[PDB]
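Novice: Pasting a structure here, questions to come.
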Amino acid sequence: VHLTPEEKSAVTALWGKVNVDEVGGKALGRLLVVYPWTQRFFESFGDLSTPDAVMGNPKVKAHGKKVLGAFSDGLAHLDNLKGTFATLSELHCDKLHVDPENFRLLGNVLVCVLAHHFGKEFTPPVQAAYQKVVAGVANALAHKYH
Amino acid sequence: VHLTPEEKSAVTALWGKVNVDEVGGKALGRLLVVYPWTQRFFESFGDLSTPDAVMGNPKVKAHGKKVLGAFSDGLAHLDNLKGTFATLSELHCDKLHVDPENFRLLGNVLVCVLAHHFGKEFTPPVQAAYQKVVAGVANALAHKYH
Amino acid sequence: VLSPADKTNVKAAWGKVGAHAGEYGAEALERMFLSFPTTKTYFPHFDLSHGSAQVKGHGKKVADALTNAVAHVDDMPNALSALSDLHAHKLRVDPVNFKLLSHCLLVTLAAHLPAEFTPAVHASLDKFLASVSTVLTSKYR
Amino acid sequence: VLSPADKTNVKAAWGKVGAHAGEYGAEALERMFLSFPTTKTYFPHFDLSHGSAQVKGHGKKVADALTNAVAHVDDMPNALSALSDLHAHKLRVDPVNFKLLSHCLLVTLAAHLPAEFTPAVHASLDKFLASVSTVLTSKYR
Ligand code: HEM
Ligand code: HEM
Ligand code: HEM
Ligand code: HEM
C-alpha cells in the first residue's frame, strides 16, 4: 500500500491517539452487531445476545485488542502487508473459512469507529488515507485466496 | 488453478463441444441482461434496450467471441493465469475501472450458459471443475486490485 | 426489487418446475456442496455423499419453501418469517452462501429446462432469489 | 428487511440531520470522491472542488431523497421510483458505488452525531441505506 508522505503522517498522527485497549473492541463489537452473521465465528465468546451484551463482552474486548494490534503491525510495514499477514491469512482463510468480503467490512467498521471517536478531525482526506490502509489489510488477509 | 487429471479430462471434453462463435455472445449478452448496470461499459455497442436487442446485437456477439477466446486461453495456462491475464487485468482494472465483483458474475453467467447448452452433461462434478477455472480467471483479471 | 414482469416470469418459470421441485432442490444443494466446499460447514450432521437421502430430503424442503415464496412474492417477509428466524437468528448464515446456492439453483434450472431459461427469465429468477436471500438473512422481528 | 426497531432507529437518527442536509450530504459526497476516485466518473464536468457550491447543492438533493425514503420506509419502491429511473435505467450506476456512498454517509453521520451513532443505530442505518441502494439500482417498472 502506497500512501503519500503527508498521508502517512496524517494516518500515524491519528493512530497514535487511538486507545489501544478499547478501539479494537469497539470495531469487532460493531462488526458483530452490524453484520450479525459474523457472530457465528465467535460462539465460544459467550453472551452476544444484544448489542449491549456484545459491546461489554470481555472476550470481544480482549480479542479486539489483538485485531487492533494487527492493524498497527500493518501500519508499521505498509510495504510488506502480505508477509505481515501471511500467518493470519492462513488462519482465517484455510482454517476458519471466513469469507473475504467480511475483511472489507471490518475495515470499514473500524473507519466508522475512528470517525465516531474523532469527530471533525476525521476529515475526508484523512479518511481517504485510512481507506488505502484498510483495503491493503483486507487484501493481505485474503491473500491465501488469490 | 489445479485440476485433477479427471477434472481436466471432463473440462476439456465439455469445452470441445462449445460453439466458439456463439457461446461467448450468449454469456456476455446474459451478463448485460441479468446485471443491467454492466451495460454502461458498452454504450458504444448500440441497442441494448431489450433482452432480444442485447442477444441479437452483432457487437455483443463479436465481443463475446473475444471473451470466450480469453477463457480458452486461460484453460491452456491454468498454472499461470496471473501472467497470462496481466494485460487484460490492466485494461479492465486501470483503464476501464470495472469493479471486480463483475468478473465473478460473468464467470458464473458463463457457467449457467454451459449448463444451458449441455444439460445433463454439465454434471455437478463438471460444474465444480469449471467453478475453479472461472474463479481463477476472475481472480487473475482482478489482480491489479489486489 | 422485482418488477411486475419479473413476478410473472418467476411464477411461470417455477410453475414449470412443479413436480420436479424436490429433485431440483436436491441437485442445487449437491452442486453447491461440491462446487463450494465451505458451504458444507453448515451441515456437519449431514451425510453429504452423492445420493444422500438427507440431501434429497432437504432439497425438497428448500424447493417447497421457494414455491411458498413464489406464492407470496408480494409479501415475502411475512410469509418467510420462520425461515428468517432460522437462517438469520439461529444459524447465522453468511450471505455469501445464499449467492452460491442461488447460482446453483439457476444452473440446475438451466440444465433441466432449457426452453424456459430465456435471458429475461434468468434475469427475473436471479432477482427473485436475491430477494429471498435478503429476507432469509435479515433479522426483522 | 427492516425491523420495527430499525425503523424507529433510522427515523430518530436521520431526523437530527434537519437543516444540515446540504452540509452532511456534501461531506458524504466529498468523502466518496476523495476516498474512491473512480466515482468521480459518474459526474464528468461537475465542479468537484473542495467546498464546491455544486456539490453542496447535490448533497442537499441526496440528503432530501433520504428524508423522503424515511417518510415512506414501509413502501420505498413506490416513493423512490424516479430515483430508480435515474440511477438504474438512465445512469446504470454499478451497485458497488452505492456501497461506497453508503459507507461515506455512515462515516459522516458517525462524525456529526456521536450520541445517536450507537452500534444498534449504526446497524439499522446500514440496513436502511442498503435497502435504499437496492431500490435505486433495480429496474422495477
Ligand atoms: C480484516 C481484518 C482482521 C484482522 C486484522 C484480524 C486479526 C486477527 C488476529 C490478530 C487474530 C488472533 C490470531 C491468534 O490468536 O494468533 C484473529 C483471530 C480470529 N479472527 Fe480475525 N481479523 C480480521 C477479520 C476477521 C473477520 C472478518 C472474522 C469473521 C467474521 C474474523 C474471525 C476471527 C476468529 C474467529 C478468530 C479466532 C478467535 C478465537 O481464538 O477463537 N476475523 N484475527
Ligand atoms: C471475467 C471475465 C472477462 C474476460 C475473460 C474478459 C475479456 C475481454 C477481452 C479479451 C477483451 C478485449 C480486449 C482487447 O481487445 O484489448 C475485453 C474487453 C472489454 N471488456 Fe472484458 N472480460 C471479462 C469481464 C468483463 C466485465 C465483467 C466487464 C464489465 C462489466 C468487461 C468490460 C469490457 C470492456 C468495456 C471492454 C472493451 C470493449 C470495447 O472494445 O469497447 N469485461 N474483455
Ligand atoms: C434459497 C435459499 C434458501 C432456502 C429457501 C432455504 C430453506 C430452508 C428450509 C425450508 C429449511 C428447513 C427449515 C425447518 O425444517 O425448520 C432450511 C434449513 C437449513 N438451511 Fe436453508 N435455505 C436457503 C439457503 C441456505 C443456505 C445458503 C445455507 C447455508 C449454506 C442454508 C443452511 C441451512 C441449514 C444449516 C438448515 C438446517 C438443516 C437441518 O439441520 O435440518 N440454507 N433451509
Ligand atoms: C444513497 C444513495 C443515493 C441517493 C439517495 C441519491 C440521490 C440522488 C438524487 C436525489 C439525485 C438528483 C435527482 C434530480 O435532480 O432529478 C441524484 C443524481 C445523481 N446521482 Fe445519485 N443518489 C445516490 C447514490 C448515487 C451513487 C452511488 C452515484 C454514483 C457513484 C450517483 C450518481 C448520480 C448522478 C451521476 C446523478 C446526476 C447528476 C447530474 O448529472 O445532474 N448517485 N442522486
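We're sticking with Swiss-Prot numbering for chain A, so the shown stretch reads 2-147, in order.
So this one's X-ray crystallography, 1.8 Å, going by the header.
Even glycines carry a Cβ here, placed using N, Cα and C.
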Novice: Suppose a student reads Swiss-Prot and sees A:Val2, A:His3, A:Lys83 listed for (2R)-2,3-bisphosphoglycerate. Which of A:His118, A:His144 should they find annotated at that same site?
Specialist: A:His144
Novice: Where Swiss-Prot marks glycation site, which residue is it, choosing among A:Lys9, A:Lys62, A:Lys96?
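Specialist: Matching A:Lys9, A:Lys62, A:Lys96 against Swiss-Prot annotations yields A:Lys9.
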Novice: Can you dig through Swiss-Prot and tell me which residue of A:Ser45, A:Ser50 is labelled phosphoserine?
Specialist: A:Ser45
Novice: According to Swiss-Prot, glycation site sits on which of A:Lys67, A:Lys133?
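Specialist: My reading of Swiss-Prot gives A:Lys67.
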Novice: Among A:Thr13, A:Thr85, can you tell me which residue Swiss-Prot lists with the annotation phosphothreonine?
Specialist: A:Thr13
Novice: List the recorded positions A:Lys9, A:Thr51, A:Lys67 whose Cβ sits under 6 Å from any atom of ligand 1, in sequence order.
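Specialist: Result: A:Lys67.
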Novice: Given the recorded positions A:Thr13, A:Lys83, A:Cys94, which pass a C-beta cutoff of under 8 Å against chain D? Sequence order please.
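Specialist: Answer, by Cβ distance to chain D: none.
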Novice: Return the member of A:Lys18, A:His93, A:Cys94 nearest to A:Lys145 (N6-acetyllysine) in space, with distance defined Cα to Cα and candidates limited to these recorded positions.
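Specialist: For A:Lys145 (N6-acetyllysine), the closest Cα among A:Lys18, A:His93, A:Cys94 is found at A:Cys94.
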Novice: Distance check, please: Cα of A:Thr51 (phosphothreonine) against Cα of A:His64 (heme b binding site), rounded to an integer number of angstrom.
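Specialist: Each residue's Cα considered, A:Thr51 (phosphothreonine) and A:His64 (heme b binding site) end up 18 Å apart.
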Novice: Let me know how many other Cβ atoms fall within 10 Å of the Cβ of A:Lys9 (glycation site).
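Specialist: I count 17 other Cβ atoms within 10 Å of it.
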Novice: If you compare CA-to-CA distances from A:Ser10 (phosphoserine) to each of the recorded positions A:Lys18, A:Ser45, A:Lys60, A:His93, A:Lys96, which comes out shortest?
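Specialist: Nearest in space to A:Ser10 (phosphoserine), counting only the recorded positions, is A:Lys18.
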